[PDB]
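Asks: Just the starting chains for now, same placement as in the complex:
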Amino acid sequence: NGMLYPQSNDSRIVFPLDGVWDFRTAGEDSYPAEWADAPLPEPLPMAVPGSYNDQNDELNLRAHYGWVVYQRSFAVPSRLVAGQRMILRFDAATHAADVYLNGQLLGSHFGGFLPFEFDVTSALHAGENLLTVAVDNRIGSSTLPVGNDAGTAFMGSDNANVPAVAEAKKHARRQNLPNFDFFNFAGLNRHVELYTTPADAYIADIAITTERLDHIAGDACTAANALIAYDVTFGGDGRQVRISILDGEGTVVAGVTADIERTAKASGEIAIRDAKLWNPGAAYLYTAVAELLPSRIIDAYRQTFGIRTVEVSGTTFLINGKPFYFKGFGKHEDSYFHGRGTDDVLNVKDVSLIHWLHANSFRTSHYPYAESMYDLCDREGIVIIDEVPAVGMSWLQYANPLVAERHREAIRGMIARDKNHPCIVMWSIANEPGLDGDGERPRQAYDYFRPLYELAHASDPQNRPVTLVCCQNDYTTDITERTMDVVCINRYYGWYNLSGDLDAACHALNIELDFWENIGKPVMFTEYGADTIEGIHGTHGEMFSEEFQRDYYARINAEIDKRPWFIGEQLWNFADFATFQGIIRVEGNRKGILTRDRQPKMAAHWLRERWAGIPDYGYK
């Protein structure tokens, strides 16, 4: 279950397989299996980690449907592999993959945004090894994210009443038809690596939790005493594990020796005096060092953690007992050449932009991000809402057992990967599923999501609040959203409805706010905004102008400032990003307050000035 990021130390080594691989496109529903047996014929170059779609302008890889095949060779010294457990890890392959090593099928995986690995100890040999990876980009009615098995893409224009259109449609080239508003970037989007552990016994998983804080300082910089718990899982085979707690300076401030009891497991609690707490805008990280004992050490792992509590109380969101207010946006892993490919330079920059904006948070819309970004936010004091790729869902999916299982696969997987990050304060189990309507549809939606709500709570040792991001719907017939720990709403009053009329938009908003006032749950925006082309200006700003985008946030935020139970504003979006082409997408989605190149539109400056005057704690 544990999927600790591969680590190098005295017991373990990591061998990265990133770089420029060989690459071929294949078929709509197949690929040549014999390609795993020998070097790819006439291969293209393809850098990895990265989406393949924008790495070859001779081809139209954005239009590709079906399989592609990656391949490379590598060689490692025999003295490294001797007596070690050898693991091949894929941080992400989007969306599905078959993996071959030296002609042997290692296995397969579905889920484009969570890591998977294989024990390759017996599959490796000396000299050059041949690694072949087939990647499938197809989406449909049983995938997460959800595709349409027929019809149009989201927000799609159609003239079905024309006979000629209906006929041409039946013979059109097959394409992925997303039920979501971001381009279907595919391939080896994140790192690939080989790593080693000891074979006889090894650390397989670690969970650290903040159980209780005693006497938190007025500024919440410290607690007189903090009780943390550990749970270490072992694989392999009077054994013990040593656990050392390191402060920010590397000074061991606590240490205990725990018994391993059989799924070998060691667990217990540790008290930390005058513990330094993790807060938004004021991060502090400790290291839990686990060392498996035989002065020699058998195995070791260093796990970063932060000491903080998260608790919903009434209409407040408490971090270290203080009333928090979210300032931020939904993001995307999206950039030009890389597509959805992970880029830590850009991740480092984006975190700096978040500070520049005086935001304090974001949501991983609409999929778990690369692991390195969570590490980055841990040390930079940025709060995260962590979200599974359950986007584009409706009643057709709720009746499908395969979807329910893939959805459970996403939640346990996300939480298994991300549980130790202090920056994560809440889980999101879906973005904009169908929740409303008449007859049995509301109850059907409820019955699908409630056990996923329970699963998220049961899976997280820290027991963080769980939410579901609600689309702009009939909130009076939706019976699911109001049962979440925090009500997270996506609203586009004045853009997709009452278009351009900000008075009417605010009037409509206030009517729904009057509704949520009575539900008595904490409420925040997770999306709102307006497409904006930088350089379009007006004295009286109309839709798509920079001025209108500024006016939009100015009018809307003035209304939510009047509601004490409204605990956060996360807009849409951080930056412009790529989408499937269509009549409402001007080179993608232009609702970013920054351009795709991370340059600030007028609204960004206005939001920066606003957020500078709003404290992380005690605003409401």
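Replies: Right, received. Where do you want to start? Residues are numbered from 1 along each chain as shown, chains lettered A, B, ... in the order given.

Asks: quick one: the helices in chain A?
Replies: A:78-81, A:163-170, A:344-357, A:371-380, A:395-398, A:401-418, A:441-459, A:502-519, A:546-560, A:602-612 (DSSP state H).

Asks: If you drop the residues flanking it in sequence, what lies closest to residue A:519?
Replies: Spatial nearest neighbour of residue A:519, chain neighbours left out: residue A:482 (5.0 Å); criterion: CB to CB, 6 or more residues apart in numbering. Placement of C-beta: from N, CA and C, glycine included.

Asks: Would you agree the one you found is in contact with residue A:521?
Replies: Yes - if you go by CB atoms under 8 Å, residue A:482 and residue A:521 touch, sitting 6.5 Å apart.

Asks: about what we covered before: how about the helices of chain A, which one is nearest residue A:265?
Replies: Nearest to residue A:265, of all the helices of chain A, is helix A:401-418, at 15.0 Å by CB to CB.

Asks: quick check: angle from that closest one to helix A:441-459?
Replies: 30 degrees (axes from the mean of the first three to the mean of the last three CA atoms, to 10 degrees).

Asks: Counting by contacts, list what helix A:401-418 packs against.
Replies: If you count contacts as 3 or more CB pairs under 8 Å, 6 or more residues apart in numbering; DSSP states H and E, helix A:401-418 packs onto strand A:424-431, helix A:441-459.

Asks: again, only using 10 Å
Replies: Under the contact definition 3 or more CB pairs under 10 Å, 6 or more residues apart in numbering; DSSP states H and E, helix A:401-418 sits against strand A:104-110, helix A:371-380, strand A:383-387, helix A:395-398, strand A:424-431, helix A:441-459.

Asks: Now mean neighbour count and distance to residue A:60 too, for these, in CSV please.
Replies: Below are the helices and strands packed on helix A:401-418 laid out as CSV (neighbours: other CB atoms under 10 Å; distance: least, CB to CB, whole Å):
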stretch, mean neighbour count, distance to residue A:60
strand A:104-110, 16, 26
helix A:371-380, 20, 30
strand A:383-387, 26, 30
helix A:395-398, 18, 30
strand A:424-431, 25, 29
helix A:441-459, 17, 37
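
Asks: could I get those as TSV with distance to residue A:190?
Replies: Shown next, in TSV, are those (distance: least, CB to CB, whole Å):
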stretch	distance to residue A:190
strand A:104-110	13
helix A:371-380	8
strand A:383-387	16
helix A:395-398	26
strand A:424-431	18
helix A:441-459	22
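
Asks: Tell me which of these lies nearest to residue A:227.
Replies: The nearest among these, by CB to CB, is strand A:424-431 at 19.2 Å.

Asks: got the angle between that closest one and strand A:383-387?
Replies: On the basis of the same axes, to 10 degrees, strand A:424-431 is oriented at 30 degrees to strand A:383-387.

Asks: centre of the chain versus strand A:424-431, how much separation?
Replies: 9 Å (CA atoms, centre = their mean, to the nearest Å).

Asks: hmm, back to that, which stretch among the helices and strands packed on helix A:401-418 comes nearest residue A:213?
Replies: strand A:424-431 (15.1 Å).

Asks: what about residue A:55, how many neighbours?
Replies: 20 (other CB atoms under 10 Å).

Asks: Then residue A:56?
Replies: Residues near residue A:56, counting by other CB under 10 Å, number 14.

Asks: and chain B, same structure:
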Amino acid sequence: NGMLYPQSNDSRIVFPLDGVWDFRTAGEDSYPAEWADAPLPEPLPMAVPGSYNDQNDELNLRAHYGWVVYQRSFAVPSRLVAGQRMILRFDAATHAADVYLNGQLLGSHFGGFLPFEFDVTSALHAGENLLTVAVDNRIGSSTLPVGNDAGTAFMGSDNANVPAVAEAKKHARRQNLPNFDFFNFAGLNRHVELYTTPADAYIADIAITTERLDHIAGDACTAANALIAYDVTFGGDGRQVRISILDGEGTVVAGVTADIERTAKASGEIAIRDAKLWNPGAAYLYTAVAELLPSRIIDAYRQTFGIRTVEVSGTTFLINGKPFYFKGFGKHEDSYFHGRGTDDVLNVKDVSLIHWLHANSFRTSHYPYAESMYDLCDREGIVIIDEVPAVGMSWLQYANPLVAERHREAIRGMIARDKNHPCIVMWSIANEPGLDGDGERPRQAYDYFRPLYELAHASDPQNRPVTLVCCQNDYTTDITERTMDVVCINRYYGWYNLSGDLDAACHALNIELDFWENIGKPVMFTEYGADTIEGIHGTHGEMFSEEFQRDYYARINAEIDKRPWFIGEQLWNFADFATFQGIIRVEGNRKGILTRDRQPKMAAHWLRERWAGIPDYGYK
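Replies: So that you can see how it sits with the rest, here is chain B on the chains above:
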């Protein structure tokens, strides 16, 4: 002398040190040395590899002058380090660096675009190692690239006659003053890695040359026989090395065992029947495998190479005996977030754009590029002119011994690194130095550059032609350029002079062409173009419009097509790129035929159509 790229095989392992490091700014001319002794205080994150300048929007790192300090920790299993020679390699640190390991100064390096390494075998220890790297971005009268010690930036504006301006200047914040037109991106721009070799004896360098081709086929796909030479250098300490030549399928097609004689060296020749030649647009690569013999193998290195000849004959540039014509551009390593940071995704994409454009070549303006790009061009059949960072030079530099030595270091270093790449057909020893004028100035320039021309020839075992890229000058008083193997000229008739008048530009051009016609050397463009803002249009295109850029190349190329001795068109630039700010730089240099995001302007489409109709061989 040798700088083989680190390789993993049964005798060798590479441990990458890339990732998110710790980072602090320091002083204009110092940094706290005690930072090497302990973790950096309050560090920022900084991705490696990448320029640091665009990775933090809270700071103005583009305006930073002086030192910065990088730091990270790392640990490797003791059993892997055991008995091995341990090498720490920096692919590039721009511009100068002091490197510390565990508080010990390892040494320093000047030169921002070439790799350097340290033997750290004795500095390493078990557990966490602390790696601290100080990087100096400062440029001046003694650096390559050349900076100004006072005054303005390249094409910088001033009103020196105003007393108020003169005074304020003396109190202005100190800044790097480049004598070049690209932004001074700095930091750990390329990869950092630790690698191992055998300690007792190891391969230190490998050089492969194509000595002679016998009976080349009409299409130059093959030669009846190819005579290649190898030269292997060893370090450490009747010993022998086995050399196997692998074809594109991995089949050993030739093999010899050579004796090692002590400066341990093995050298000889190998005849290959029906050898497959490397050509532009039709690459073929062999592998030279060298194995140090004790059936066991001591050490091994696999060196890719290609079999082709390059010869300047009269006014022709012969590759495998056929008259080649350059189609291409000067490039830059430049992109939005990475700066000058290497990005293999972008390199793969750019290589595809070159094919899309039907170009066949480019120049590494104005510095050696990342090693991976040459590997990429080796397999994709793109020809390269390789250039050292000798840009911004004038008479003030020719009299400076430190500059002369740094210039020699770069020339020997570039060639030592890049000698084995078949894609490289020519060396460039400077871009736009001062060469013309009255008095002793022309002779002084000649006396400075002539021994560098000789050095490039002496350093290169393949003995490729050598050039110097000449600025738009008084070609009648210039006595240096005409002595190069190929005349490479940068001309901006109709842009920087005779502005907008294309009839007059072509008239002036033809006049300089009449001059070069008599010199009787082969001549090519290495720069020509016009700043162009995408989206600016006109029915009668004026400067900065997409139409003017198209008209510009159409009129100019029509004139050079009339000259049989004119053997190439490399324009400026491949893509828009970042510069120091100024009144002629609209968000950088806009002479790209592509935008900075790699999108094609009107001129790119026109050039694509023209180049599609121009063959690699026999156009002239």
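
Asks: now that chain B has been added, could you go back to the neighbour count of residue A:56?
Replies: When neighbours are counted by other CB atoms under 10 Å in any protein chain shown, residue A:56 registers 21.

Asks: Same question for residue A:1.
Replies: Counted with other CB under 10 Å, residues neighbouring residue A:1 total 10.

Asks: Please apply the same query to residue A:90.
Replies: Residues lying near residue A:90 (other CB under 10 Å) number 23.

Asks: Might you report the residue contacts of it?
Replies: Applying CB atoms under 10 Å, 6 or more residues apart in numbering or on different chains to residue A:90 gives the contacts A:17, A:49, A:97, A:99, A:109, A:114-118, A:133, A:135, A:188-193.

Asks: the strands in the stretch 51-200 of chain A, which residues?
Replies: A:67-74, A:84-90, A:96-101, A:104-110, A:116-119, A:129-136, A:192-198 (DSSP state E, counting those that start in this stretch).

Asks: Which one of those lies nearest to residue B:205?
Replies: Nearest of the strands of the stretch 51-200 of chain A to residue B:205, taken as CB to CB: strand A:67-74 at 23.6 Å.

Asks: near chain B, which residues of the stretch 51-200 of chain A show up?
Replies: The interface of the stretch 51-200 of chain A toward chain B, taken as CB under 10 Å from any CB of the partner chain, is made up of A:51-52, A:54-59, A:61, A:73-80, A:82-84, A:126-128, A:193, A:196.

Asks: just the buried members of the residues you listed?
Replies: By neighbour count, with 16 or more other CB atoms under 10 Å in any protein chain shown, those hold A:51-52, A:54-57, A:61, A:74-77, A:80, A:84, A:193, A:196 as buried.

Asks: Could you pull up the contacting residues of the most centrally placed residue in chain A?
Replies: Nearest to the mean C-alpha position of chain A, counting by CA atoms, centre = their mean, stands residue A:368 at 1.9 Å. Counting by CB under 10 Å, 6+ apart, residue A:368 touches A:92, A:111-115, A:333, A:374, A:386-389, A:410, A:413-415, A:417-418.

Asks: Distance-wise, check the closest residue to residue A:81 other than its chain neighbours relative to residue A:474.
Replies: Excluding its sequence neighbours, the residue lying closest to residue A:81 (CB to CB, 6 or more residues apart in numbering or on different chains) is residue A:124, at 6.2 Å. In this view, residue A:124 and residue A:474 are 57 Å apart by CB to CB, to the nearest Å.

Asks: which one of these two has more residues nearby?
Replies: Between residue A:124 and residue A:474, residue A:124 has the larger neighbour count (other CB under 10 Å), namely 16 against 11.

Asks: and the residue lying closest to residue A:208 once chain neighbours are set aside, how many neighbours?
Replies: Nearest non-adjacent residue to residue A:208, counting by CB to CB, 6+ apart: residue A:305, 4.2 Å away. Neighbourhood size, residue A:305 [other CB under 10 Å]: 23.

Asks: dump the residue contacts of residue A:305.
Replies: A:206-210, A:228, A:230, A:245, A:278, A:285-288, A:378, A:419-422.

Asks: one more time with 6 Å
Replies: Contacts for residue A:305 were tallied using CB atoms under 6 Å, 6 or more residues apart in numbering or on different chains; they are A:208, A:286, A:288, A:420.

Asks: Ok, residue A:243 next?
Replies: Taking CB under 6 Å, 6+ apart, we find residue A:243 in contact with A:230, A:256, A:290.
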